[PDB]
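A lone chain, given as C-alpha cells: the form deposited in one PDB entry.
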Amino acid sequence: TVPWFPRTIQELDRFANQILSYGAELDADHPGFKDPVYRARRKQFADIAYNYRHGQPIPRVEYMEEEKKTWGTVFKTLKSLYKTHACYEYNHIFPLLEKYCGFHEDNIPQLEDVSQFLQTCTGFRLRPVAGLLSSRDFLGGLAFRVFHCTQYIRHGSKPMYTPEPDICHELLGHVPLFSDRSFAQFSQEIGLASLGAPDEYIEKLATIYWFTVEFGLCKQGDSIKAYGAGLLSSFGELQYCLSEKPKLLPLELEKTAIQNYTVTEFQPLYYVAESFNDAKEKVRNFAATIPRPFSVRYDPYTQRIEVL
C-alpha cells in the first residue's frame, strides 16, 4: 500500500527513529576512527540531533579550538574560488552571511542563527540530523522547506577531505542556495514529488537530486557556473568542473534520473540547468509521471500537506 509520509511539519519528528545507527565514523577507514575524543564528540552531536523536536531552538555548541582550526582552513581555501566559479545567487548572498551569521575564518556559525536567517529569506529552516536518513525521509523534509543538516565537523587530520557531509559542507555548500527564492521553490518541488512515491521512483528523485542540488552546473549569461553543494564545498572538484575535462549535458530528467554516478572520484559528467525556474518546471512535469493515486499541495499558512 502507499508508503507513509508526514502530513504536518511536526510529523518530521518521526524521522529520528529511522536513521542508520552505525555511521561512517565507526569504519576503520574513517580519518577519525582511532581517535576516542573524536568518537565521543560525534556521539555528543548525535544525541543533540536525536532529542531535537520541531519548534525548539537548535542547541548552541561551543566548538573546540581544534575544530575551529579545521573550519578556518576549509573556509580560507575555498573562499578564493567563489568569485569566479560560484553562481551569481551564491556570491550575492555570501556577504550577508558574513555580516549576520558569523561566516568568518575564526568562528563556526551556530545552526540556530543560520536557520533564522534562512527563514527570513525564503522560509527554509534547518534541523540537526544524527546520521544517515533514508532518501525517502531526507527528500520528504524538503516538501516543508526543511533541510536536515549535520552539526559535527570532519576530523582535523584531513581538513580538505570528508567521506560524508559535515558542517563545512552544509554551510559553505548548501546554505547559500537555500537563500534564493527560485532555488527554494525548485528544492521544494523535488520534495513534493517524493511524498508517497514508490521506492523505485524515490531512487530516481535521489539521482536527480544528486545531479542538481549536489553536483549541478547552471547557465548564467553566456557562461557556466557551479551551484551544486558538493562542488561548492570541494576545492579540487570546483576547479575541475569548469575546466575542459568533464562532459557537459543539458538537464533532461528522463535521462538524468537513470544516470549512474560514483561518490568517490570527480564526476565524469555533469548536467547543466538553464535556471532554477526552468529546473523547477521540469521536476513538476516529471512528478506528473510518478504513479501515485493522489496529488499533493503544501499550505504554507498552516504548514500541512493537502492530499487531493
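Residue numbers here begin at 1 and follow the sequence given. Superpose the two forms; the largest set of C-alphas matching within 1.5 Å is the rigid core.
Keep in mind that the form deposited in another entry is not shown, yet the notes after this line are about it.
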If we fit on the core, is the Cα of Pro291 displaced 2 Å or more between the shown form and the other one?
yes
Is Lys225 displaced by at least 2 Å at its C-alpha between the shown form and the other one when the rigid core is overlaid?
yes
C-alpha of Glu170 off by 2 Å or more between the shown form and the other one on rigid core:
no
Can you tell whether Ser187 sits closer to or farther from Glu274 in that other deposited form than it does here, judged by CA atoms, where the change is 3 Å or more?
farther
Tell me whether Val296 and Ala279 end up closer or farther apart in that other deposited form, going by their C-alpha atoms; the shift is 3 Å or more.
farther
